Amino acid sequence: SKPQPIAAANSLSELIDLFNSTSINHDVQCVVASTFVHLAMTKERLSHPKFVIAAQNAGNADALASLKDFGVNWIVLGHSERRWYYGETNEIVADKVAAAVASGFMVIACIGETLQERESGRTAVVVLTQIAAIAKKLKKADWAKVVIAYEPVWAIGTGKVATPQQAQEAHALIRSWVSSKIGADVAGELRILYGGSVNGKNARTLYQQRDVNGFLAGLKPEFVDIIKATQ
Ligand SMILES: O=C(O)CCS(=O)(=O)O
């Protein structure tokens, strides 16, 4: 059976109110990730015990230490625009992941191919090269602290979701590599989340696929339906 699912979100006061009042009637880890400036309020306000707060993109020893001290134990790293806009390479992302794990963080590590990479049939090579870089900086025990988020760059914010077949093919390819390079025990416990134009309507169908363990989506009222779709 699948490991514990995750639903992560990547008028905020009304939004925190809505989440706080939501009964979630199954086992799922919910995560709200936000920029430094909003962390303090999110932690002050978000009290639902099935939710944790996550930082994003911290890459400095002292910054990570400060976050942990403040009670932040999760972090999202390597998200799409980090790579295609800011210029974080596969190795920079991998180093940030290694540092975070070393500082005691649960890490949602993001990987995914661009439109051209997809169209030219290079999804597998790109995505696997990205995760291999991450794996290079980790030891086996570290994977207990890692969560993989697969997001086709062409599906992020474009309104174009991957089909269930596309998502499943990508997740299975990732899990098979983890199984063979890291170990089948690690593969079986690893959460691989899908992200990119997930909504209330399409999430539950995606979750039905063998290798989908949850979602990364925007912080919006419909995230509640995304949480419900994780079963
Ligand atoms: O933040 C992401 O990872 C996904 C945002 S969206 O594609 O659902 O609009």
# chains A, B, ... in the order shown; residues from 1 in each chain; ligands from 1
$ residues_near_ligand --ligand "ligand 1" --cutoff "8 Å" --atoms "only C-alpha atoms and all ligand atoms" --output "ChimeraX atom specification"
/A:9-10,79-80,151,155-159,161,195-199,216-218
$ write_last_selection --atoms "N, CA and C atoms" --output "PDB file, in the first residue's frame"
ATOM      1  N   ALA A   9       0.829  23.205  -0.453  1.00  0.00           N
ATOM      2  CA  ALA A   9       0.448  24.437  -1.141  1.00  0.00           C
ATOM      3  C   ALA A   9       1.648  25.366  -1.181  1.00  0.00           C
ATOM      4  N   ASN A  10       1.938  25.903  -2.359  1.00  0.00           N
ATOM      5  CA  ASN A  10       3.199  26.602  -2.595  1.00  0.00           C
ATOM      6  C   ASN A  10       3.013  28.064  -2.992  1.00  0.00           C
ATOM      7  N   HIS A  79      12.364  24.372  -6.922  1.00  0.00           N
ATOM      8  CA  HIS A  79      11.146  24.637  -7.666  1.00  0.00           C
ATOM      9  C   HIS A  79      11.455  25.245  -9.029  1.00  0.00           C
ATOM     10  N   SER A  80      10.540  25.045  -9.974  1.00  0.00           N
ATOM     11  CA  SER A  80      10.772  25.361 -11.386  1.00  0.00           C
ATOM     12  C   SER A  80      11.565  26.652 -11.642  1.00  0.00           C
ATOM     13  N   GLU A 151       7.144  18.073 -11.294  1.00  0.00           N
ATOM     14  CA  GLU A 151       6.311  19.089 -11.924  1.00  0.00           C
ATOM     15  C   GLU A 151       6.802  19.427 -13.332  1.00  0.00           C
ATOM     16  N   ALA A 155       3.346  22.641 -17.128  1.00  0.00           N
ATOM     17  CA  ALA A 155       2.062  22.476 -16.447  1.00  0.00           C
ATOM     18  C   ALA A 155       1.917  23.449 -15.277  1.00  0.00           C
ATOM     19  N   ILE A 156       2.998  24.126 -14.929  1.00  0.00           N
ATOM     20  CA  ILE A 156       2.967  25.029 -13.792  1.00  0.00           C
ATOM     21  C   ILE A 156       2.345  26.364 -14.177  1.00  0.00           C
ATOM     22  N   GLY A 157       1.147  26.636 -13.664  1.00  0.00           N
ATOM     23  CA  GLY A 157       0.518  27.937 -13.827  1.00  0.00           C
ATOM     24  C   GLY A 157      -0.011  28.220 -15.222  1.00  0.00           C
ATOM     25  N   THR A 158       0.027  27.212 -16.086  1.00  0.00           N
ATOM     26  CA  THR A 158      -0.364  27.367 -17.485  1.00  0.00           C
ATOM     27  C   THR A 158      -1.790  26.881 -17.739  1.00  0.00           C
ATOM     28  N   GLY A 159      -2.351  26.163 -16.773  1.00  0.00           N
ATOM     29  CA  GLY A 159      -3.692  25.619 -16.906  1.00  0.00           C
ATOM     30  C   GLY A 159      -3.692  24.334 -17.708  1.00  0.00           C
ATOM     31  N   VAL A 161      -2.676  20.631 -17.378  1.00  0.00           N
ATOM     32  CA  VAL A 161      -2.281  19.560 -16.459  1.00  0.00           C
ATOM     33  C   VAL A 161      -1.740  18.363 -17.240  1.00  0.00           C
ATOM     34  N   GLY A 195       2.714  17.907  -9.447  1.00  0.00           N
ATOM     35  CA  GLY A 195       2.324  19.308  -9.418  1.00  0.00           C
ATOM     36  C   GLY A 195       2.293  19.890 -10.816  1.00  0.00           C
ATOM     37  N   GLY A 196       1.425  20.872 -11.022  1.00  0.00           N
ATOM     38  CA  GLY A 196       1.272  21.504 -12.314  1.00  0.00           C
ATOM     39  C   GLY A 196      -0.181  21.499 -12.743  1.00  0.00           C
ATOM     40  N   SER A 197      -0.903  22.562 -12.412  1.00  0.00           N
ATOM     41  CA  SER A 197      -2.301  22.717 -12.833  1.00  0.00           C
ATOM     42  C   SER A 197      -3.268  21.708 -12.212  1.00  0.00           C
ATOM     43  N   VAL A 198      -2.912  21.195 -11.042  1.00  0.00           N
ATOM     44  CA  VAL A 198      -3.839  20.379 -10.268  1.00  0.00           C
ATOM     45  C   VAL A 198      -4.998  21.263  -9.789  1.00  0.00           C
ATOM     46  N   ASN A 199      -6.217  20.744  -9.863  1.00  0.00           N
ATOM     47  CA  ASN A 199      -7.359  21.455  -9.314  1.00  0.00           C
ATOM     48  C   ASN A 199      -8.331  20.497  -8.658  1.00  0.00           C
ATOM     49  N   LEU A 216       1.458  19.024  -5.279  1.00  0.00           N
ATOM     50  CA  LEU A 216       1.926  20.363  -4.980  1.00  0.00           C
ATOM     51  C   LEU A 216       1.040  21.306  -5.802  1.00  0.00           C
ATOM     52  N   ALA A 217       0.437  22.293  -5.147  1.00  0.00           N
ATOM     53  CA  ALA A 217      -0.474  23.212  -5.823  1.00  0.00           C
ATOM     54  C   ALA A 217      -0.367  24.608  -5.222  1.00  0.00           C
ATOM     55  N   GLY A 218      -1.106  25.558  -5.780  1.00  0.00           N
ATOM     56  CA  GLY A 218      -1.083  26.916  -5.271  1.00  0.00           C
ATOM     57  C   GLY A 218      -1.893  27.032  -3.993  1.00  0.00           C
TER      58      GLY A 218
END
$ residues_around --residues "residue A:53" --least-positions-apart "3" --cutoff "6 Å" --atoms "only C-alpha atoms" --output "PyMOL selection string"
chain A and resi 31-33
$ write_last_selection --atoms "N, CA and C atoms" --output "tab-separated table (two decimals), in the first residue's frame"
chain	number	residue	atom	x	y	z
A	31	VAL	N	0.93	20.67	3.94
A	31	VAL	CA	2.07	21.57	4.03
A	31	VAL	C	1.70	22.91	3.41
A	32	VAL	N	2.03	24.00	4.09
A	32	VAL	CA	1.88	25.33	3.49
A	32	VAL	C	3.26	25.95	3.39
A	33	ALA	N	3.74	26.14	2.16
A	33	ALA	CA	5.05	26.74	1.94
A	33	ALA	C	4.88	28.20	1.58
$ residues_around --residues "residue A:96" --least-positions-apart "4" --cutoff "9 Å" --atoms "only C-alpha atoms" --output "number ranges by chain"
A: 57-60, 77-78, 91-92, 100-101
$ select_by_dssp --residues "stretch 31-158 of chain A" --states "helix (DSSP H, G or I)" --output "PDB file with C-alpha atoms, in the first residue's frame"
ATOM      1  CA  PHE A  36      10.208  34.404   4.451  1.00  0.00           C
ATOM      2  CA  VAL A  37       7.983  37.484   4.816  1.00  0.00           C
ATOM      3  CA  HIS A  38       4.806  35.422   5.393  1.00  0.00           C
ATOM      4  CA  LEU A  39       6.214  32.655   7.598  1.00  0.00           C
ATOM      5  CA  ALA A  40       5.682  34.472  10.902  1.00  0.00           C
ATOM      6  CA  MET A  41       1.998  35.093  10.220  1.00  0.00           C
ATOM      7  CA  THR A  42       1.397  31.616   8.796  1.00  0.00           C
ATOM      8  CA  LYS A  43       2.881  30.025  11.922  1.00  0.00           C
ATOM      9  CA  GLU A  44       1.010  32.399  14.220  1.00  0.00           C
ATOM     10  CA  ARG A  45      -2.273  31.679  12.489  1.00  0.00           C
ATOM     11  CA  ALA A  61      23.743  27.631   7.068  1.00  0.00           C
ATOM     12  CA  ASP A  62      22.699  30.444   9.416  1.00  0.00           C
ATOM     13  CA  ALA A  63      19.367  30.972   7.648  1.00  0.00           C
ATOM     14  CA  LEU A  64      18.481  27.278   7.982  1.00  0.00           C
ATOM     15  CA  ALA A  65      19.523  27.323  11.631  1.00  0.00           C
ATOM     16  CA  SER A  66      17.325  30.353  12.250  1.00  0.00           C
ATOM     17  CA  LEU A  67      14.344  28.680  10.559  1.00  0.00           C
ATOM     18  CA  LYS A  68      14.697  25.526  12.697  1.00  0.00           C
ATOM     19  CA  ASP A  69      14.938  27.687  15.803  1.00  0.00           C
ATOM     20  CA  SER A  80      10.772  25.361 -11.386  1.00  0.00           C
ATOM     21  CA  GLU A  81      11.642  29.081 -11.515  1.00  0.00           C
ATOM     22  CA  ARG A  82      14.694  28.475  -9.314  1.00  0.00           C
ATOM     23  CA  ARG A  83      16.170  26.593 -12.220  1.00  0.00           C
ATOM     24  CA  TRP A  84      14.852  28.392 -15.327  1.00  0.00           C
ATOM     25  CA  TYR A  85      14.943  31.961 -13.971  1.00  0.00           C
ATOM     26  CA  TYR A  86      17.279  32.307 -10.964  1.00  0.00           C
ATOM     27  CA  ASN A  90      21.194  20.642 -10.661  1.00  0.00           C
ATOM     28  CA  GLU A  91      24.178  20.768  -8.302  1.00  0.00           C
ATOM     29  CA  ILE A  92      23.179  23.975  -6.488  1.00  0.00           C
ATOM     30  CA  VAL A  93      19.754  22.462  -5.797  1.00  0.00           C
ATOM     31  CA  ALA A  94      21.391  19.226  -4.649  1.00  0.00           C
ATOM     32  CA  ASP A  95      23.682  21.124  -2.267  1.00  0.00           C
ATOM     33  CA  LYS A  96      20.738  23.058  -0.795  1.00  0.00           C
ATOM     34  CA  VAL A  97      18.893  19.772  -0.277  1.00  0.00           C
ATOM     35  CA  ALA A  98      21.913  18.164   1.429  1.00  0.00           C
ATOM     36  CA  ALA A  99      22.368  21.195   3.693  1.00  0.00           C
ATOM     37  CA  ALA A 100      18.688  21.277   4.689  1.00  0.00           C
ATOM     38  CA  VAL A 101      18.617  17.578   5.517  1.00  0.00           C
ATOM     39  CA  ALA A 102      21.789  18.085   7.557  1.00  0.00           C
ATOM     40  CA  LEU A 115       8.238  22.109 -22.775  1.00  0.00           C
ATOM     41  CA  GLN A 116      11.070  21.545 -25.282  1.00  0.00           C
ATOM     42  CA  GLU A 117      12.609  18.756 -23.247  1.00  0.00           C
ATOM     43  CA  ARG A 118       9.188  17.065 -23.173  1.00  0.00           C
ATOM     44  CA  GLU A 119       8.479  17.592 -26.897  1.00  0.00           C
ATOM     45  CA  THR A 123      11.826  13.915 -20.184  1.00  0.00           C
ATOM     46  CA  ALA A 124      13.474  10.803 -18.753  1.00  0.00           C
ATOM     47  CA  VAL A 125      17.093  11.881 -19.221  1.00  0.00           C
ATOM     48  CA  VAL A 126      16.403  15.372 -17.827  1.00  0.00           C
ATOM     49  CA  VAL A 127      14.376  14.333 -14.783  1.00  0.00           C
ATOM     50  CA  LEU A 128      16.747  11.468 -13.918  1.00  0.00           C
ATOM     51  CA  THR A 129      19.834  13.656 -14.283  1.00  0.00           C
ATOM     52  CA  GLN A 130      18.200  16.156 -11.921  1.00  0.00           C
ATOM     53  CA  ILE A 131      17.466  13.563  -9.224  1.00  0.00           C
ATOM     54  CA  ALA A 132      20.843  11.815  -9.640  1.00  0.00           C
ATOM     55  CA  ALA A 133      22.486  15.116  -8.713  1.00  0.00           C
ATOM     56  CA  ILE A 134      20.351  15.235  -5.579  1.00  0.00           C
ATOM     57  CA  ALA A 135      21.130  11.613  -4.716  1.00  0.00           C
ATOM     58  CA  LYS A 136      24.853  12.235  -5.155  1.00  0.00           C
ATOM     59  CA  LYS A 140      20.821   6.250   2.100  1.00  0.00           C
ATOM     60  CA  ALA A 141      19.466   7.190   5.545  1.00  0.00           C
ATOM     61  CA  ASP A 142      18.771  10.721   4.315  1.00  0.00           C
ATOM     62  CA  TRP A 143      15.845   9.638   2.140  1.00  0.00           C
ATOM     63  CA  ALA A 144      13.652   9.309   5.219  1.00  0.00           C
ATOM     64  CA  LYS A 145      13.738  13.103   5.152  1.00  0.00           C
ATOM     65  CA  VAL A 153       7.442  23.121 -16.160  1.00  0.00           C
ATOM     66  CA  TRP A 154       4.824  23.375 -18.936  1.00  0.00           C
ATOM     67  CA  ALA A 155       2.062  22.476 -16.447  1.00  0.00           C
TER      68      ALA A 155
END
$ residues_around --residues "stretch 168-184 of chain A" --least-positions-apart "2" --cutoff "10 Å" --atoms "only C-alpha atoms" --output "ChimeraX atom specification"
/A:112,123-124,127-128,131-132,135,139-140,143,148-152,162-166,186-194,206-213
$ select_by_dssp --residues "stretch 19-228 of chain A" --states "strand (DSSP E)" --output "PyMOL selection string"
chain A and resi 29-33+51-56+74-77+106-111+146-150+192-195+214-217
$ write_last_selection --atoms "N, CA, C and O atoms" --output "tab-separated table (two decimals), in the first residue's frame"
chain	number	residue	atom	x	y	z
A	29	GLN	N	-0.39	14.33	5.17
A	29	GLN	CA	0.42	15.43	5.71
A	29	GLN	C	0.19	16.64	4.84
A	29	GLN	O	0.49	16.61	3.65
A	30	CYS	N	-0.34	17.71	5.42
A	30	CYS	CA	-0.56	18.93	4.66
A	30	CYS	C	0.55	19.92	4.96
A	30	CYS	O	1.05	20.00	6.09
A	31	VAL	N	0.93	20.67	3.94
A	31	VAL	CA	2.07	21.57	4.03
A	31	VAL	C	1.70	22.91	3.41
A	31	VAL	O	1.13	22.95	2.33
A	32	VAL	N	2.03	24.00	4.09
A	32	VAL	CA	1.88	25.33	3.49
A	32	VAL	C	3.26	25.95	3.39
A	32	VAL	O	3.90	26.23	4.41
A	33	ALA	N	3.74	26.14	2.16
A	33	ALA	CA	5.05	26.74	1.94
A	33	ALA	C	4.88	28.20	1.58
A	33	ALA	O	3.95	28.56	0.87
A	51	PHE	N	-1.39	20.08	9.44
A	51	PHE	CA	-0.58	20.99	8.62
A	51	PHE	C	0.75	21.30	9.27
A	51	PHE	O	0.83	21.50	10.49
A	52	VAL	N	1.80	21.39	8.45
A	52	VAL	CA	3.06	21.99	8.87
A	52	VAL	C	3.41	23.14	7.93
A	52	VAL	O	2.96	23.17	6.78
A	53	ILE	N	4.21	24.09	8.41
A	53	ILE	CA	4.69	25.19	7.57
A	53	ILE	C	6.04	24.82	6.96
A	53	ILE	O	6.83	24.10	7.58
A	54	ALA	N	6.29	25.30	5.76
A	54	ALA	CA	7.56	25.04	5.09
A	54	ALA	C	8.16	26.34	4.60
A	54	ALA	O	7.43	27.22	4.13
A	55	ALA	N	9.48	26.46	4.71
A	55	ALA	CA	10.19	27.59	4.10
A	55	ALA	C	10.42	27.24	2.64
A	55	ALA	O	10.08	26.16	2.19
A	56	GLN	N	11.02	28.17	1.90
A	56	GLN	CA	11.35	27.92	0.52
A	56	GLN	C	12.74	28.46	0.24
A	56	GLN	O	13.06	29.58	0.63
A	74	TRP	N	10.20	22.02	7.71
A	74	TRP	CA	10.03	21.59	6.31
A	74	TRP	C	10.54	22.70	5.41
A	74	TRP	O	10.58	23.85	5.81
A	75	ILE	N	10.91	22.36	4.18
A	75	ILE	CA	11.38	23.36	3.22
A	75	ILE	C	11.22	22.83	1.80
A	75	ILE	O	11.40	21.65	1.56
A	76	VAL	N	10.85	23.71	0.87
A	76	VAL	CA	10.74	23.35	-0.54
A	76	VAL	C	11.97	23.89	-1.28
A	76	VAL	O	12.36	25.04	-1.10
A	77	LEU	N	12.59	23.05	-2.10
A	77	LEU	CA	13.82	23.42	-2.80
A	77	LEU	C	13.76	23.02	-4.27
A	77	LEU	O	13.16	22.00	-4.61
A	106	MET	N	12.74	18.25	6.81
A	106	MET	CA	12.09	17.44	5.79
A	106	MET	C	12.14	18.28	4.54
A	106	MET	O	11.80	19.45	4.58
A	107	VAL	N	12.55	17.67	3.43
A	107	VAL	CA	12.77	18.41	2.19
A	107	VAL	C	11.84	17.94	1.06
A	107	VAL	O	11.83	16.76	0.72
A	108	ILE	N	11.06	18.86	0.51
A	108	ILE	CA	10.34	18.60	-0.72
A	108	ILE	C	11.24	19.08	-1.85
A	108	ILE	O	11.42	20.28	-2.03
A	109	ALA	N	11.84	18.14	-2.57
A	109	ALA	CA	12.77	18.48	-3.62
A	109	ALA	C	12.09	18.37	-4.98
A	109	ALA	O	11.53	17.33	-5.34
A	110	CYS	N	12.13	19.46	-5.74
A	110	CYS	CA	11.39	19.56	-6.99
A	110	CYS	C	12.25	19.27	-8.22
A	110	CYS	O	13.37	19.77	-8.36
A	111	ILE	N	11.70	18.47	-9.13
A	111	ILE	CA	12.35	18.15	-10.40
A	111	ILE	C	11.30	18.26	-11.51
A	111	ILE	O	10.11	18.28	-11.24
A	146	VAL	N	13.35	13.00	2.75
A	146	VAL	CA	13.16	13.57	1.42
A	146	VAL	C	11.80	13.23	0.84
A	146	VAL	O	11.27	12.13	1.06
A	147	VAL	N	11.24	14.18	0.10
A	147	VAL	CA	10.00	13.99	-0.64
A	147	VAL	C	10.27	14.56	-2.02
A	147	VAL	O	10.82	15.66	-2.14
A	148	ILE	N	9.92	13.81	-3.07
A	148	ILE	CA	10.15	14.31	-4.43
A	148	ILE	C	8.88	14.89	-5.02
A	148	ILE	O	7.82	14.28	-4.97
A	149	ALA	N	8.99	16.09	-5.59
A	149	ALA	CA	7.87	16.71	-6.29
A	149	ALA	C	8.16	16.76	-7.78
A	149	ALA	O	9.06	17.49	-8.23
A	150	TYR	N	7.40	16.00	-8.56
A	150	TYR	CA	7.57	16.06	-10.00
A	150	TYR	C	6.61	17.07	-10.61
A	150	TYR	O	5.39	16.93	-10.47
A	192	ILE	N	6.34	10.60	-3.96
A	192	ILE	CA	6.54	11.37	-5.17
A	192	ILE	C	5.22	12.08	-5.45
A	192	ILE	O	4.20	11.42	-5.68
A	193	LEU	N	5.24	13.41	-5.40
A	193	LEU	CA	4.04	14.23	-5.55
A	193	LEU	C	3.97	14.78	-6.95
A	193	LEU	O	5.00	15.09	-7.56
A	194	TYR	N	2.76	14.94	-7.47
A	194	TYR	CA	2.59	15.58	-8.78
A	194	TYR	C	2.18	17.03	-8.60
A	194	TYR	O	1.37	17.36	-7.74
A	195	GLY	N	2.71	17.91	-9.45
A	195	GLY	CA	2.32	19.31	-9.42
A	195	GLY	C	2.29	19.89	-10.82
A	195	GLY	O	3.04	19.45	-11.69
A	214	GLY	N	0.50	12.25	-3.85
A	214	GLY	CA	0.01	13.54	-3.41
A	214	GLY	C	0.31	14.62	-4.40
A	214	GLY	O	0.63	14.33	-5.55
A	215	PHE	N	0.23	15.88	-3.95
A	215	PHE	CA	0.22	17.02	-4.85
A	215	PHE	C	0.95	18.24	-4.34
A	215	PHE	O	1.05	18.47	-3.13
A	216	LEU	N	1.46	19.02	-5.28
A	216	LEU	CA	1.93	20.36	-4.98
A	216	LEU	C	1.04	21.31	-5.80
A	216	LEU	O	0.88	21.12	-7.01
A	217	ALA	N	0.44	22.29	-5.15
A	217	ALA	CA	-0.47	23.21	-5.82
A	217	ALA	C	-0.37	24.61	-5.22
A	217	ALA	O	0.36	24.82	-4.27
$ atom_distance --atom1 "atom CA of residue A:225" --atom2 "atom CA of residue A:200"
4.9 Å
$ closest_residue --among "A:49, A:70, A:105, A:114" --to "residue A:23" --atoms "only C-alpha atoms"
A:49
$ residues_around --residues "residue A:16" --least-positions-apart "4" --cutoff "7 Å" --atoms "only C-alpha atoms" --output "list in words"
residues 12, 20, 45 and 46 of chain A
$ atom_distance --atom1 "atom CA of residue A:201" --atom2 "atom CA of residue A:230"
12.6 Å
